[PDB]
Amino acid sequence: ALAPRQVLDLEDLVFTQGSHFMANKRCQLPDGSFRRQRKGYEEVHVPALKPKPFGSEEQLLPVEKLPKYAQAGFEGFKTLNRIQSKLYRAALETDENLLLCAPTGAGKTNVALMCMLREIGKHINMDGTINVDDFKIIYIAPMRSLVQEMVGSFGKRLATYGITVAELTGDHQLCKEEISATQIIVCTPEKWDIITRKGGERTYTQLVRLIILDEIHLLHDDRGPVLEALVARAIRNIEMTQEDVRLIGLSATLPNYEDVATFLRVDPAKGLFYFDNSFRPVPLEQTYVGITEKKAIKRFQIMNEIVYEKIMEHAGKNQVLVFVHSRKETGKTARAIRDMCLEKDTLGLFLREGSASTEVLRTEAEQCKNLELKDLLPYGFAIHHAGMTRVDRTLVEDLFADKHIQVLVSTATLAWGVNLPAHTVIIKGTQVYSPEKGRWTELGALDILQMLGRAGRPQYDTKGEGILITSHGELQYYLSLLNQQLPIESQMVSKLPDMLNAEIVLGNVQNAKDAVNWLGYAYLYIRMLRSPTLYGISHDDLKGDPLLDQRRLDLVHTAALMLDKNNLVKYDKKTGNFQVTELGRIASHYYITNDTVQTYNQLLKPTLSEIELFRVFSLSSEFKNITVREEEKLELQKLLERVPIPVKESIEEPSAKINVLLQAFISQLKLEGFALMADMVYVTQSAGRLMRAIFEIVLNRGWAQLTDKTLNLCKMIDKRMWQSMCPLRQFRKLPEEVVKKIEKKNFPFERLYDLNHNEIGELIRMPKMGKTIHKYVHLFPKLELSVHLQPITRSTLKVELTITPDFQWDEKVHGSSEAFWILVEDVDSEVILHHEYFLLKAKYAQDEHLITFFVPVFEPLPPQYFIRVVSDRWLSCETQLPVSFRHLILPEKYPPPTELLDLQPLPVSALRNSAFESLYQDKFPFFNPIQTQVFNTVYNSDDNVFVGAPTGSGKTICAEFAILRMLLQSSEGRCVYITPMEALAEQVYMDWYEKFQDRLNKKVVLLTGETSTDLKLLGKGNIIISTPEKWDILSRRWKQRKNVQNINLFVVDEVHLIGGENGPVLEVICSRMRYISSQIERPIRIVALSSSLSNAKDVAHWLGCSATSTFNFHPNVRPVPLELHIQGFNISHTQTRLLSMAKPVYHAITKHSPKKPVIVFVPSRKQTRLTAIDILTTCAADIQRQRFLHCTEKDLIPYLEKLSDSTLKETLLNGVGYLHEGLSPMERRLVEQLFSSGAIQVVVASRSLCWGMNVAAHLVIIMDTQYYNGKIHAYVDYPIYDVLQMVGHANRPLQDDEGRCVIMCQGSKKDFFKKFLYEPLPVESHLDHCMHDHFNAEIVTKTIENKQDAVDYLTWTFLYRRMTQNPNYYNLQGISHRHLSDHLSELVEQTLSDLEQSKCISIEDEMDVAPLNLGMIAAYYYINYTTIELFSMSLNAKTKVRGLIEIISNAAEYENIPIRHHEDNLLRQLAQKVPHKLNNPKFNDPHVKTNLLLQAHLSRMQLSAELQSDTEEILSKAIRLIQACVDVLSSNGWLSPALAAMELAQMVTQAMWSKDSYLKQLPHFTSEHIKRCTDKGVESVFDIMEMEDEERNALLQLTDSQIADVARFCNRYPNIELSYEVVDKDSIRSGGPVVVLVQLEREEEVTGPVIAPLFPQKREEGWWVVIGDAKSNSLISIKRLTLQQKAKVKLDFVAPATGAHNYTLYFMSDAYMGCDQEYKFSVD
Ligand SMILES: N=C(N)NS(=O)(=O)c1ccc(N)cc1
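The sequence shown begins at 402 in the entry's author numbering and counts up one residue at a time.
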């Protein structure tokens, strides 16, 4: 972006005066102007503008004529203004941008209220009052008092609608619970500026529909720029969001209004309104005076003379008000008026001619006041300023509204924050004091205009009188300010650098080019275009650049050079690109000037003292022109000794002045010099932001001591107290005296925790205060800290800090939340090696919290680290914990990785078989380096090999390599491929089916999970592939299963998932395969593919891999090089961090792959949709439009014509695809196909899909890297394996010479990612935590029998190898073999005891153990022992279907069922729809969630997509669990419970409740036809299949495809007749075996599987035969069977004594409802 540009002296082009850069050469005094000179005391008097007619339809509109709802806001008014009528039409009936130029006091408020009511009534419900969570309105006001007046009045007006208005302007910040529950935010421009330059501005700006800007003439003021800035951002955002917001502007009658109309994007014909002062609310006659020379006495006395004359002129029923510029001047005015009244015969008295009483009566009666109120109130006068109480201020205001107070002198605050008008207004002088300029200046425009607009009460005056007193040399200017002739200019050039940085930091300006465009968005651009001479531009240069390219480029270049000098931004001369500094980011977010940044960066140091800290604070360039006046030096010397910090920096120069003023603010020391008070206030209202800025600067750098100093200084400024004082001062309902008494005694605060209330009262000598002191002591926040550490590597330790609360919560004291900083410091407490922002919410305030993070350690290992948790707001609220590293081992360091040499790549010709080459020659001509190296050992050496290489580097085909010789050595061999994830298994199954059974014609299958079907598929396949669970349940019985023994090849992929959840299953199945290879004496070849592991040798020796077969490569030695970019976001609240990272993903796309494909991963599905849409709208804003679409819309139309999601159609035809599990697999494969084709450039995917997508990009972006766990009501970091898979998705060697990935994460995590992603990953076993189930399952198979071989088994585990090299990770404190064996024996003992207490095993002596019924059926159904124990203890003799479902939902396998954000609310909603209602339900409990899901499924209820996937996950194991329940119910002998359990099985199959019609089971059916049938006679499916064809088809009244789909279910319906015989019936007596034989016939053969559309897995008929006694509720015998036409069943059971033994024979199903039989019989 090279272009000619020259640096500029911005001082020449800036209007130095500001506020009043007089562009008006001469003010044309109106008609009726006379100038009576009196040598000073001149009177340039203009008349009141006479009224105007109502000619052109103009009329005061009746409030009843308004739209009916909007009449609520205008209640109390029976009409509205003329301006208000024209604007009623415009504003209430249109959404057009508006700009109202009207004189001061003309109304303004009510027209903005109409604009608000537009939006308020847009979101109406039919009978719901409003949609508060849908629209957010804001109101920008120039002064704080105006903000407060506005929020009060607007609340009063529109409370009827149910809206909530509030003020955000205050010294507090980062507190935003009110922004959530307030629909109309009133704020100052700089407030909204600091809010909307914060990252994640959308959190506030998302629901913004209406932006009002009151008193837009602020553009001329020095505060002008921020306004511009605001508008610019807003407008640009309404372009980037494509969500229109309405801009309302309110200005006074001043010129250049058309330019701000262009600025505000108002149509001059539709939204531009201008009213000259003939539309003034009360016609105003004004007089201006001048001063002759410098005579203070003369000035003040002449002011007083004018005041006395004009006040006396308005004696009765009139109020002549006076405005002063200081609180020392209102008292002086009262004094002077009273005195010169007295001096001249005390005349003017009895202004209220009812001297006896009237108003004097009420004044004296209400006289219980202070200061100068009690004397001037009966006299008739009054004063009003900020240094008064609320009661007395409101009392003066009331008695003035009562028109009983006559004269009132006040300051500008009354004119801004109170609706208090008067007949006459006298501006006493116009010189005010500015601490910013450090000098006396002239007043601002807004003050003068608001004050002189107060003249003339609205309904009580026919004419007003404004009187202004100033100097002569200013007259012509004030004449311009009050007669529509002072032009509005732009002060942007002086504020250009700062502003520019705020846009560089905000990411809205990445180059100088969009900087220039932004400058075009400003008011400065328009104002330069239409008056270039006063902006430094010639009329010829305007011809050269009509769009002013050169001037805007020069300006942004100067600002960028300034920001580069001060190091807020790095700016390169050539490309014109910007790069943000953390200095600049802090400067923007904390609203501080770049010179201050430079001073900080050159002065702040880790060894800085608190004295030097106060000095640096005083050197801020916000105070660079403050002066030490002689009139205050003695008071400064007095304050210096009364403050604690030395202030050695100087003597009595401005830095020492600032310092001592701040310390007098902290110490609450009173002052006397009024200029000194003004300067103090000006320093203190900024000191908070300045100190927070310094604190962030030092925190990010890790400097610990300065961090503590600075945070404490922030809190001392906030709470108005030093650290020497007692923290009890922070409770503001405590006395000052009592806390001073506590401080007098040298008893530290902490010991009050361990003290009686009576002993407290005795210590303080105040017994009555002791109870409340104890209360507040236990209300003070204190945290308990507990730590669990486990080494990960010699450089990194995993820490699990457990934060426990230890105080009473009070919403008044602590509010909705309490913030904390977690800090990890080294031994010297110098360097902060890690830190985090913790937040204790109010709801979970008493729950325990767990914080996992990682710290670094380097040898020589220090004795201990420190972990401090320090409150962000409370002083002396720190809890420290030393973590000792004295008994900590450092894990055995890993060796270097197997180097990949630069060897000639092997072409496909090395693979000699032509059919084998066929597949690999159609893709690539030669192999990549790592697979060229691994080829020798894998495909041609029958060695056990482990290859470790980054994800996506093409390691999969390496397995194929081995497989090749596999198929070469055996005809119909048996190889087993094991992958941890299911979706990866499905992808590799499709690929290898295409590669083998469809190409080589060798049967390749993937195990489905059902026992019989999977064991059948086992024998067929030459290649069987599976997940570790389906393979575990098959291989656990490797004695009876012959097929699992003759396995030529076992390949396990992604073995590094041993360390993740569901990892112990992989570990045990691999160890079992190794043990089988040992026993069979036929060495099963093992080949393992994994990521780059550090401890790859351990897993290599685990599987018998020689070092000639270990292939573990440094992750840098990828086939495709990768450029990783970790990018931190120091933002806590994740819902706002996502909105912040919004724009960075677009800028990352444009930076790292502007044309090439990208994948961006997000933590949700709604996030996939939203990210797709926001990328779309940003590309529309840039008008790139087709940047992400590389084909034609007509090319896609046929494809997208079959997609069901409308937004997916739109986003796809616009270039970007989204992949979320809320849509069909067909849509997923379609989007993947379009992406890999090149038509779709970018795809945004849910995290859950990072395993099952066969899609490669050039750039992989990751968002957030956190997801919400609602079981702990917090956010969890991603598993490292997921993000590593995502990163591996970035390397494709098809096209690119490089791979690019950027991860966007909270700062707390950044370091973490970096390290573990740049170097190999250490992995360990979690088998010791999930070991009991495998012992319970291998006692059943007799593989384990005693304790010694239970120890022998662990030798096969990876756990055995890892417990040695990393002891402390498994909490063993030794590395000798003694420690190993001791830990193993303790583990086996613990597991066996836990299993015995569960009634699953029996132990005898100390060796031999034996299975029990519970453990046998727990291993038979692959069910956890806890679930079986719970089943056995909970199932009672009389358990009904409701209790059946309850006990089912409590299973441990359903604890994995998660709880996500806002999901507790959805479960609350579902609780009232399900037929059975459980009391005392906790809605973050997975078990009540599963119960609700089961009740909704049985009731055939549709719900969310995530909840549907969860319902599928539960239904997968539902039948397993209910079969286990049937078995234990049989083993305990209860009859009707087991019958109800079989009923529950067949209920969960086809989603039928227990007592609904059986007709509900056939498909294509709703309740109306079952109502017709059951009312007319058809009650069962047998009635359906008994009817003739035509009478049924007529009874159906359905389509021809419906009858065809009904017939298939009516045919699959089992039709079985039973045959039962009691063998040797005549030969039966007591105690003898009784044998009942049962036989079954099925007319049709196995036509197909069980038909159940609402069940995900295709099941097969399972039947149950039962012998029961219906009276004893006794189940005698039972058998489950699988039926194929012919059956033969036997049931043997003993007999009791002779009696009426009437038995029942039950035939139950586990699938269908209504095909169950009950036959009574008798045997004696
Ligand atoms: N970045 C780290 N080390 N921690 S943080 O939670 O992300 C964080 C949060 C907020 C602020 N202001 C700074 C930092």
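Yeah, the Cβ is synthetic: ideal placement off N, Cα and C, and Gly gets one too.
Item                                                                                                                                                                           : Value
With which residues is residue 1250 paired in a DSSP beta bridge?                                                                                                              : 1204
Are residue 2083 and residue 2125 close, meaning C-beta to C-beta below 8 Å?                                                                                                   : no
Closer than 7 Å by C-beta to residue 1538: which residues in its own chain qualify, once you throw out the five before and the five after it? Chain order, please.             : 601, 1530, 1532, 1665 and 1707
May I have the straight-line CA-CA distance separating residue 1906 from residue 1871, to the nearest angstrom?                                                                : 14 Å
Along the chain, where does the alpha helix (DSSP H) that runs through residue 1786 open and close?                                                                            : 1778 to 1798
Checking the sheet assignment: what are the DSSP bridge partners for residue 1670?                                                                                             : 1675
Please name the residue, chosen from 666, 2075 and 1914, that lies closest to residue 2056 on a Cα-to-Cα basis.                                                                : 1914
Would you identify the three-state DSSP class for residue 1154, choosing helix, strand or coil?                                                                                : coil
Quick check on the DSSP output: what are the complete alpha helix (DSSP H) runs of length 4 or more inside the segment 1695 to 1774, in order along the chain?                 : 1708 to 1719, 1733 to 1741, 1748 to 1755 and 1759 to 1766
Any heavy atom of ligand 1 closer than 7 Å to the Cβ of residue 1237?                                                                                                          : yes
Using the three-state DSSP reduction, which class does residue 1506 fall into: helix, strand or coil?                                                                          : coil
Enumerate in chain order the residues of its own chain whose CB-to-CB distance from residue 1355 is below 7 Å, with the five nearest sequence positions on each side excluded. : 1329, 1332 and 1520
My guess is that residue 933 and residue 940 are in contact by the Cβ rule of under 8 Å, so how many angstroms apart are they, rounded?                                        : 7 Å
Return the first residue and the last residue of the alpha helix (DSSP H) that residue 1818 is part of.                                                                        : 1814 to 1821
Closest by CA to residue 1335, which one among 1467, 1346 and 1884?                                                                                                            : 1346
Buried or exposed: which applies to residue 1602, given that a residue is buried once 16 or more other Cβ atoms fall within 10 Å of its Cβ?                                    : exposed
Between 665, 556, 1114 and 861, which lies nearest to residue 1066 when the distance is taken from Cα to Cα?                                                                   : 1114
May I ask whether a heavy atom of ligand 1 can be found less than 7 Å away from the beta carbon of residue 1272?                                                               : no
For the segment 1484 to 1532, list the beta strand (DSSP E) runs that are entirely contained and at least 3 residues long, ordered along the chain.                            : 1486 to 1491, 1511 to 1513 and 1523 to 1530
In the DSSP assignment, what are the bridge partners of residue 1954?                                                                                                          : Residue 1954 is not bridged to any residue.
Any heavy atom of ligand 1 closer than 7 Å to the CB of residue 1536?                                                                                                          : no
Where does residue 1771 land, buried or exposed, given buried means 16+ other C-beta within 10 angstroms?                                                                      : buried
Which residues in the same chain as residue 1683 place their Cβ atom closer than 7 Å to its Cβ, once the five residues preceding and following it in sequence are excluded?    : 1648 and 1651
Using alpha carbons as the reference points, say which of 1030, 1224, 817 and 1844 lies closest to residue 1235.                                                               : 1224
Is residue 1033 near ligand 1, judged by its Cβ being under 7 Å from some heavy atom?                                                                                          : no
Does the distance between the C-beta of residue 1709 and the nearest non-hydrogen atom of ligand 1 fall short of 7 Å?                                                          : yes
In terms of alpha-carbon separation, which member of 1874, 1830, 1875 and 599 lies closest to residue 1853?                                                                    : 1830
I want to check one thing, is the minimum distance from the CB of residue 1097 to the heavy atoms of ligand 1 below 7 Å?                                                       : yes
Within 7 Å: the Cβ of residue 1103 and any heavy atom of ligand 1?                                                                                                             : no
Between the alpha carbons of residue 1195 and residue 1773, how many angstroms are there, rounded?                                                                             : 17 Å
Report yes if the CB atom of residue 1198 is closer than 8 Å to the CB atom of residue 1192, and no otherwise.                                                                 : yes
Taking DSSP's pairing of strands, which residues face residue 2070 in a bridge?                                                                                                : 2075
If I'm right that residue 956 touches residue 995 with Cβ under 8 Å, what's the distance once you round it to whole angstroms?                                                 : With a Cβ gap of about 15 Å, residue 956 and residue 995 do not count as contacting.
From this set, 1140, 1596 and 1446, which residue's C-alpha is nearest residue 1477's C-alpha?                                                                                 : 1446
How do the segment 968 to 988 and the segment 1089 to 1100 stand: do at least 3 beta-carbon pairs fall below 8 Å, yes or no?                                                   : yes
Mind reading off the beta-carbon distance from residue 1576 to residue 1600? Whole number of angstroms is fine, and I expect it under 8 Å.                                     : Not confirmed; about 20 Å, so no contact.
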